[PDB]
Structure formats: C-alpha cells, structure tokens
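Novice: To start, I am sharing the structure in question, which I have written as structure tokens.
All Cβ positions, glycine included, derive from the backbone under ideal geometry; neighbour counts span all protein chains shown. Nothing in this text is a laboratory measurement; each read-out follows from the coordinates by a stated rule.
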Amino acid sequence: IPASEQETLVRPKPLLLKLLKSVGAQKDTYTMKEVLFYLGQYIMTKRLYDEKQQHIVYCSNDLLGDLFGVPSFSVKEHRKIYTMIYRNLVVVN
Ligand SMILES: COc1ncc(-c2nc3c(n2C(C)C)[C@H](c2ccc(Cl)cc2)N(c2cc(Cl)cn(C)c2=O)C3=O)c(OC)n1
Ligand SMILES: [Cl-]
C-alpha cells in the first residue's frame with residue numbers, strides 16, 4: 001500500500017456519510033486520510049473492538065456491519081479495509 005493512497009479525494013455514498021456525520025463535520029469531499037481517521041474514531045468511541053482481543057472489530061450489531069458487509073474484521077487487514085471502504089464512496093479528480 002502506497003502512502004499516496006491517503007491523499008485520494010473521495011465523495012461518500014449516503015450510508016458512509018451518515019456514519020461520518022456522527023464523528024466529524026459534514027463536507028462534500030474527504031481525503032482517504034480523513035475517512036480512515038473518522039471511521040477509526042467511530043470504532044474506538046463506540047467500543048466495537050473488545051479490550052481482550054483488540055485487533056478485531058465486531059460490527060454485526062452496528063451500521064458499520066452494513067457499511068462493510070461483514071460481522072467482523074481485523075484492523076491489521078489493510079487491503080481488505082480499503083476495499084470495504086471503497087465500495088461506499090466515489091473517487092474524485
Ligand atoms: C483498543 O486499542 C486499539 N488501538 C488501535 C486500533 C486501530 N488500529 C488501526 C486502526 N485502529 C483504530 C483507529 C480503529 C485503524 C483503522 C481505521 C479505520 C478502520 Cl475502518 C479500521 C482501522 N488502522 C488503520 C487501517 C488502515 Cl486500512 C489504514 N491505516 C492508516 C490505519 O491506521 C489500524 O491499523 C484499534 O482498533 C480496534 N484498537
Ligand atoms: Cl449503529
């Protein structure tokens with residue numbers, strides 16, 4: 001994964017935008033750096049990870065699960081995370 005990935009400018013689809021609005025200000029275009037941070041903040045604040053197994057996010061009982069299409073995932077699975085995120089946005093140039 002290149003460092004340039006974080007510079008990608010994106011327009012969230014409605015479900016992603018809904019989630020983002022619960023953790024950050026509503027603007028039209030976000031960087032991937034922004035999207036990752038806000039989704040990360042969402043996971044941390046809502047305690048969707050378990051303190052006894054801190055790499056795994058459980059989202060079966062959360063909007064995030066609908067966003068990503070999985071009951072759980074590992075925060076270490078970066079390629080997978082980017083794919084899950086990408087399906088919820090449009091890239092802009
Ligand atoms: C409890 O302590 C504890 N500490 C730390 C983490 C944690 N590790 C990581 C993350 N976090 C949180 C901000 C969620 C964060 C992340 C952000 C958004 C999502 Cl959708 C999923 C994970 N991420 C990254 C993934 C990618 Cl693809 C790129 N980049 C740049 C990352 O940084 C990680 O590698 C964590 O996760 C539960 N829990
Ligand atoms: Cl929810």
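Novice: Search the range 60-73 for residues being within 12 Å of ligand 2 (Cβ to nearest atom) and more than 14 Å from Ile85 (Cα to Cα), and hand back the single one that is nearest to the chain's Cα centre (by Cα).
Specialist: Of everything passing the filter in the range 60-73, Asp62 is nearest to the chain's Cα centre (by Cα).
Novice: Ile56 fails exactly one of the following numbered conditions: (1) among the hydrophobic types (A, V, I, L, M, F, W, C); (2) in contact with a helix residue (DSSP H, G or I) (Cβ under 7 Å, 6 or more places away or on another chain); (3) not in a loop (DSSP other than H, G, I, E, B). What is the number of that condition?
Specialist: Of everything listed in (1) among the hydrophobic types (A, V, I, L, M, F, W, C); (2) in contact with a helix residue (DSSP H, G or I) (Cβ under 7 Å, 6 or more places away or on another chain); (3) not in a loop (DSSP other than H, G, I, E, B), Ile56 misses just condition (2).
Novice: Same structure, new question: Take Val70 and tell me if it is among the hydrophobic types (A, V, I, L, M, F, W, C) and more than 9 Å from ligand 1 (Cβ to nearest atom).
Specialist: When the stated conditions are applied, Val70 passes them.
Novice: Just checking, how many residues over the range 1-29 are in contact (Cβ under 8 Å) with a residue 40 or more places away in the chain and either assigned to a loop (DSSP other than H, G, I, E, B) or under 23 Å from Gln54 (Cβ atoms) (or both)?
Specialist: 5
Novice: Quick one: how many residues across the range 71-81 are touching a helix residue (DSSP H, G or I) at 6+ places or on another chain (Cβ under 7 Å) and either surrounded by 13 or more Cβ atoms within 10 Å (Cβ to Cβ) or among the hydrophobic types (A, V, I, L, M, F, W, C) (or both)?
Specialist: 1
Novice: Take the range 29-58 and flag every residue that is surrounded by 14 or more Cβ atoms within 10 Å (Cβ to Cβ), within 12 Å of the chain's Cα centre (by Cα) and within 10 Å of ligand 1 (Cβ to nearest atom).
Specialist: Within the range 29-58, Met32, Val35, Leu36, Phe37, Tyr38, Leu39, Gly40, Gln41, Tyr42, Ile43, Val57 qualify.
Novice: Tell me which residues, restricted to the range 30-53, are touching a strand residue (DSSP E or B) at 6+ places or on another chain (Cβ under 7 Å), assigned to a helix (DSSP H, G or I) and more than 16 Å from ligand 2 (Cβ to nearest atom).
Specialist: Once the filter is applied, which keeps residues that are touching a strand residue (DSSP E or B) at 6+ places or on another chain (Cβ under 7 Å), assigned to a helix (DSSP H, G or I) and more than 16 Å from ligand 2 (Cβ to nearest atom), the range 30-53 yields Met32, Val35.
Novice: For the condition touching a helix residue (DSSP H, G or I) at 6+ places or on another chain (Cβ under 7 Å), hydroxyl-bearing (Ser, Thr, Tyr) and closer than 19 Å to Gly24 by Cα, what is the one hit in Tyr42, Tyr49?
Specialist: None of the others qualify; the one that does is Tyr42.
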